[PDB]
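Only one chain is shown below, in structure tokens, and it's the form deposited without the ligand.
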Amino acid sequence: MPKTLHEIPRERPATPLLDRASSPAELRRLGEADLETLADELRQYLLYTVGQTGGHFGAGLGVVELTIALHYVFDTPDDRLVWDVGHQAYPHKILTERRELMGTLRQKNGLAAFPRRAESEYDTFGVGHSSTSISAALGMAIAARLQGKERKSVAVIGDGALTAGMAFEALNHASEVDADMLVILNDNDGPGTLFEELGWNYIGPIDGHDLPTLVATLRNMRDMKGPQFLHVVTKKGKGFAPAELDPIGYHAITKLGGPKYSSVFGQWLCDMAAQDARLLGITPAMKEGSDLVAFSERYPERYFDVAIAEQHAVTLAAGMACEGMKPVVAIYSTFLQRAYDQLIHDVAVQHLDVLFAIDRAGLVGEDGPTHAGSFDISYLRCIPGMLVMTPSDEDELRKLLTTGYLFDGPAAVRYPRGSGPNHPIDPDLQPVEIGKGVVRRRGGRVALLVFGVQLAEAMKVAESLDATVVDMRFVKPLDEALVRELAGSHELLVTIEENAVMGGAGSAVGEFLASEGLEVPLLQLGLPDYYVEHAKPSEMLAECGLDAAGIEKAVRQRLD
């Protein structure tokens, strides 16, 4: 009989067998009967180390036994293993020469949040966004078949990630080319006939915590040919009672302010829905992260979780707007990249009335560059019809959400993870004038044109220089009249945005100055042209020069 734990170890547990299984080859030197003892130990170590660093929690616990069985049966790293999303791959990392590096997990210069090709030869594909594993593993198998290399290709994909359209495309295509690969459905939330129809050989469901059945099944399927589909059933949080009971809260943990911007949005969504029965709320499977929680309890008939289906979320919004409803698509900047065609082709080309509440805009911290919201100003502002907005604090977020909502056409409001300066929030629901900035400080000589939440750091810098500071509010349409005035009365314009400099809000200013032959010097601050390694957000901002110290240095260095 399995035991269940209710507490996290505060001290390094004794794992004498896990320590002999530091790599897959050493693991495969062990005996089948020891494997369940190895599992208990790895589970114990996993609880301990995540309690030490924080990180993802419940999903890894669900795949302890599956991960053991895969590295025992398959000749890794020669056999290719692709983890979908990778938040469940801490056990993987533990078994692939990183056990004693777990203490550096998610810290600057330590192990990254997900499998990462640069991090280890045992990581075949950098993941983070979901549902890429089947496609990636198909690519690997097609290439290995052509090269004659006789390696296996295995994709482990959760039942959630299977809701994405790109997973369906890969399953179809793999059948097309009769690829020799294995898809393991890690299902933890009449299964078989669908996958048989799509041309796969379906096996299961089997118990994903039964190591003897897992090993024998995988042994049998390892050398089967053609597209193989193994359906495994797991318990999220398995072995830790709190996580078993509340898998949502234990999806991640912290190691043992004002409101979050997502909470300011969530409150706005409720308040406007109480005033306006037209409002509909849409999320591609991120209710807790984007924080539609209270909204979905209060307005269940007007809340739509479309699963991991960004593309359908946006075109669905377009159809609702066609009937005069007022959809709000809640979506992180990094995940909106996957619905760009629907946004352009179905919303923008038709000028449809859809609001995009873009959370996690800018650097996102420990999750690193796979999740960075670095590009949405650049990829949205080039799209005709888009209203593009950058609130600088909690009050501005509520106001710009109202403005884009009420605007008759497509609008984007972008904001970062975390909390803000904690300024007062006007409880009313009124918009602001579209295309007009707010002068937050009258100065001289240097003008800081701020798009977004670096305003408070720019205010610190302006004090030393007696600079003008504008809270721009709008990337598109730009406050051209204000920029024109500032360009004639100042000797230097300085743009500041938590977005790539290339194609960004500062370049809209640059484009405006050029069209009118305004000759004023321009300094664009923002995110550089490389992928910023995972660290604390404050650490990442400092790296990019977007704290007061970096901005002052950049302005000072230009003027000297």
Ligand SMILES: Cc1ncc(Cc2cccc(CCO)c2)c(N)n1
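One-based numbering along the sequence shown.
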- request: Could you tell me how many residues of the deposited sequence sit unmodelled between residue 189 and residue 190 (none, 1 to 3, 4 to 9, 10 or more)?
  value: 10 or more
- prompt: Does the entry skip any residues of the deposited sequence between residue 256 and residue 257, and if so, is it 1 to 3, 4 to 9, or 10 or more, or none at all?
  reply: 10 or more
- request: Identify the stretch, either 294 to 302 or 276 to 284, whose C-alpha atoms have the larger mean B-factor according to the entry.
  value: 294 to 302
- line: Comparing mean C-alpha B factor in the record for 96 to 104 and 379 to 387, the higher one is 96 to 104
task: Would you mind checking which of 326, 371, 225, 399 has the top Cα temperature factor in the PDB entry?
output: 225
query: Which of these, 477, 437, 249, 424, has its C-alpha atom at the highest B-factor, as the entry lists it?
result: 249
- request: For residue 353, return the chain-relative third of its C-alpha B-factor as stated in the PDB record: lowest, middle or highest.
  value: lowest
query: Should residue 165 be placed in the lowest, middle or highest third of its chain by the C-alpha B factor in the entry?
result: lowest
query: Where does residue 44 sit by CA temperature factor within its chain: lowest, middle or highest third?
result: highest
query: Should residue 550 be placed in the lowest, middle or highest third of its chain by the C-alpha B factor in the entry?
result: lowest
message: Could you place residue 216 in the lowest, middle or highest third of its chain by Cα temperature factor, using the values in the record?
response: highest
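The next section is about a form of this same protein that is not shown, the form deposited with the ligand bound.
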- request: Please run the contact check for residue 251 against the ligand in the deposited bound form: heavy atoms, 4.5 angstroms, yes or no?
  value: yes
task: Examine residue 116 and determine whether its closest non-hydrogen atom to the ligand in the deposited bound form is within 4.5 angstroms.
output: no
query: So in the deposited bound form, does any heavy atom of residue 335 sit within 4.5 Å of the ligand?
result: yes
- prompt: If you check in the deposited bound form, is residue 286 within 4.5 Å of the ligand, heavy atoms only?
  reply: yes
task: Identify, from the list 129, 209, 106, 71, the residue with a heavy atom within 4.5 Å of the ligand in the deposited bound form.
output: 129
statement: With the partner omitted here, the residue among 353, 393, 310, 123 that in the deposited bound form has a heavy atom within 4.5 Å of the ligand is 310
task: Choose one stretch from 83 to 91, 137 to 145, 468 to 476, 198 to 206: the one whose residues place a heavy atom within 4.5 angstroms of the ligand in the deposited bound form.
output: 83 to 91
